[PDB]
Structures are given as structure tokens and as C-alpha cells.
Amino acid sequence: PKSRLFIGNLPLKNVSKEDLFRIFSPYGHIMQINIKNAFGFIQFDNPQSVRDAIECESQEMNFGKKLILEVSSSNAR
RNA sequence: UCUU
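- For this deposited structure, the header cites solution NMR as the method used.

Brief notes about the environment of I33
- Checked against the element boundaries, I33 lands in strand β2 (residues 32-34).
- Distance in space between the C-alpha atoms of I33 and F21 is 8.0 Å, their sequence separation being 12 residues.
- Sequence-distant contacts of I33, that is, excluding residues within four places in its chain, are made with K17, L20, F41 and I42.

Quick word on the sheet that holds strand β4 (residues 69-72)
- Pairing is antiparallel in the open sheet, where four strands are placed in the order β2-β3-β1-β4. Because the sheet does not close on itself, it has two edges, and the strands there are β2 and β4. Strand after strand, the sheet turns through a mean of 20° between neighbouring axes, direction not considered.
- Pairing of strand β1 (residues 3-7) with β4 involves four bridges; the strand directions are antiparallel. Across the sheet, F6 pairs through a bridge with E70, a residue of β4.
- Across the sheet, helix α2 (residues 47-57) is in contact with β1, β3 (41-44) and β4; its angle to β4 comes to roughly 165°.

Considerations on the environment of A38
- Relative to the elements of secondary structure, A38 occurs in the loop between β2 and β3.
- The class for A38 is partly exposed, based on a relative accessible area of 24%.
- With 33 residues separating them in the primary sequence, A38 and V71 have C-alpha atoms 18 Å apart.

Here's the deal with the protein's contact with RNA strand B
- Near RNA strand B lie 13 residues; those nearest to it are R4, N34, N37, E70 and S72.
- A distance of 2.9 Å separates a base nitrogen of RNA strand B from a polar atom in the side chain of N34.
- In this structure, a base nitrogen belonging to RNA strand B sits 2.9 Å away from a side-chain N or O atom of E70.
- Elements supplying a minimum of two residues to the surface near RNA strand B: β1 and β4.
- Among the elements that take part in the surface near RNA strand B, β4 stands out by supplying three residues, more than any other.
- Class assignment for the residues of the surface near RNA strand B results in five nonpolar, five polar and three charged.

Rules used in this analysis
Residues numbered from 1 in each chain as written, not as in the entry; some residues may be left out. Chains lettered and ligands numbered in written order. Heavy atoms only, no water. Helix = DSSP H or I, 4+ residues; strand = E, 2+ residues; numbered from the N terminus. Contact = heavy atoms within 4.5 Å. Pairing = 2+ DSSP bridges. Axes fitted to C-alpha atoms, helices over the stretch in contact; angles between N-to-C directions. Buried < 20%, exposed > 50% of the residue type's maximum accessible area, 1.4 Å probe, protein only. Near = heavy atom within 4 Å. Polar contact = N/O pair within 3.5 Å; in protein donor to acceptor, adjacent residues only side chain to side chain. Nonpolar A, V, L, I, M, F, W, Y, C, P; charged D, E, K, R; others polar.

Structure representation (C-alpha cells):
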């Protein structure tokens, strides 16, 4: 299957493939990283694992917006 | 929060 993962404007402090790697890598069947120097994208296999990784890593306490991750479950390439 |  196919899925893509969008990062919010948090990593506007310089960023590397390794920032999105630390976020998501031990999830799903994987595909590729498309890091961009303002905020990156990921494109991975298994969208349900990408969505389970959002609620794992982007988990939030009542202290405002500290993490922003969003799935686009486009099963198309 | 949808792509130097």
C-alpha cells in the first residue's frame, strides 16, 4: 500500500532526513523519505501504522502545540 | 498543517 506523512512548521530550526527518521522508522512496511529544508515529508507503506505512529509520537499533553504530524493516506504513487 |  501507499501513504504520505506531513510535518508541521516545528522543525524550522534546521532539519535533516534523520529528524524524520527519529520520528517515524520502526513502523509499517516503509518506502522512502522526502526531507525538505523548511519541513519534511515521508512516503511509507501501511497507512494504519503511519496513523498509529502519529498517536505514538505526536502524543499531546495540556501544554499546547508541541508536536504536529499529519497522515495523507493516498494509496497512489 | 499539504512540499526550495
